[PDB]
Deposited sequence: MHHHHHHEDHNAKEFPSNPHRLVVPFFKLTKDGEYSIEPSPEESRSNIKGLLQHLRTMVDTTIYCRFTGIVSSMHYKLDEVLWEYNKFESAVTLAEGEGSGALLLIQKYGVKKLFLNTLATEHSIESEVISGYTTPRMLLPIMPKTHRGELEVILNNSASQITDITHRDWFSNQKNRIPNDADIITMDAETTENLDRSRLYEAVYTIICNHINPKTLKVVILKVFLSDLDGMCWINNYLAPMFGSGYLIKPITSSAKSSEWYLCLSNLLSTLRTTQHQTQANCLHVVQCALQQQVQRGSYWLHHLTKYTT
């Protein structure tokens, strides 16, 4: 009821009308504990536990910290564009622990948590690089039950290559019996990237919801896509047309304008 959730897929305007309405909605929006990942916690409202996570474009690593501390993840692969100074003392398997993950170091010492860090200058750390997957695949666990991709990009930028890294993992390196949830940070100002998800990733799942956390900025087109129920028969067609996908994006932005105009966005 207070939760902003729009089904990604489940008598409609033309793509030209949708694109024009979206441009107007984006113009209107534009004019309108630091370690806690509040946004990801709101996205994961229906879930309470995961065992093996693959967290991509993690930045400081607050999403990985949430999955370990609150969701009880025992094995986690953490990719981030942030490298660390060589003088920091805490390491996990020779790689420098991100500052945000220092509270979980005792779990690694007691053998209760396996963290696989992909934050080194000696590795490829940009998931949009064409050789990232080959560089890291022998270190990525192939039994993940949750995959997250939290990259921040500028508005309007095509994010297809970030989504492509997740598609590569799903099509080459997961156990279809164990993958339960895929979470992507998306930008609704990036229509090419949204349509890429509709063509590539969304047809692999039985459920998909766009969620706008209360802790996500009222002016940003940032939303999260929560995909679940990986299908046991691989579809050879999309769940919906590009026109239906554009209409969903327009509906989500209309609901966001409505929320922001009434004045409600939590941060401090």
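K.L.:
Could you give the ranges of the deposited sequence that carry no C-alpha coordinates?
P.N.:
Model skips 1 to 18, 29 to 36, 59 to 70, 307 to 310 of the deposited chain.
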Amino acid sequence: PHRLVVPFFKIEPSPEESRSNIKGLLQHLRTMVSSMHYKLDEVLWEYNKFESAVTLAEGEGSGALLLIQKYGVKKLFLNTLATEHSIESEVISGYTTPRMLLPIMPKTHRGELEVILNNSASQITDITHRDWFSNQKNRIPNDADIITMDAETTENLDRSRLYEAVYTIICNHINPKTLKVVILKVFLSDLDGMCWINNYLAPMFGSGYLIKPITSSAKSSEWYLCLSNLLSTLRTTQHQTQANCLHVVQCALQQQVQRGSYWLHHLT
From here on, numbers count along this sequence of modelled residues.
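K.L.:
So which stretch wins on mean C-alpha B-factor, 198 to 206 or 41 to 49?
P.N.:
Here the higher of the two C-alpha B-factor means belongs to 41 to 49.
K.L.:
Between 22 to 30 and 224 to 232, which has the larger average Cα B-factor in the PDB entry?
P.N.:
Comparing 22 to 30 with 224 to 232, the higher average CA B-factor belongs to 22 to 30.
K.L.:
Name the residue from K177, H85, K185, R161 with the greatest C-alpha temperature factor listed in the entry.
P.N.:
Going by the entry's C-alpha B-factors, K177 comes out highest.
K.L.:
Kindly indicate the residue among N79, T148, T168, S93 with the greatest C-alpha B-factor in the PDB record.
P.N.:
If I rank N79, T148, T168, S93 by C-alpha B-factor, first place goes to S93.
K.L.:
Ranked by Cα temperature factor within the chain, is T55 in the lowest third, the middle third or the highest third?
P.N.:
Lowest third of the chain for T55's C-alpha B-factor.
K.L.:
Would you mind ranking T241 by its C-alpha B-factor against the rest of the chain and naming the third, lowest, middle or highest?
P.N.:
Middle third of the chain for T241's C-alpha B-factor.
K.L.:
Quick check for you: using the entry's CA B-factors within this chain, is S89 in the lowest, middle or highest third?
P.N.:
Its C-alpha B-factor belongs to the highest third of this chain's values.
K.L.:
Lowest, middle or highest third: which one holds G193 when the chain's residues are ordered by CA B-factor from the entry?
P.N.:
Lowest third.
K.L.:
According to the PDB entry, is the CA B factor of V249 in the bottom, middle or top third of its chain, that is, lowest, middle or highest?
P.N.:
Tercile = lowest for this residue's CA B-factor.
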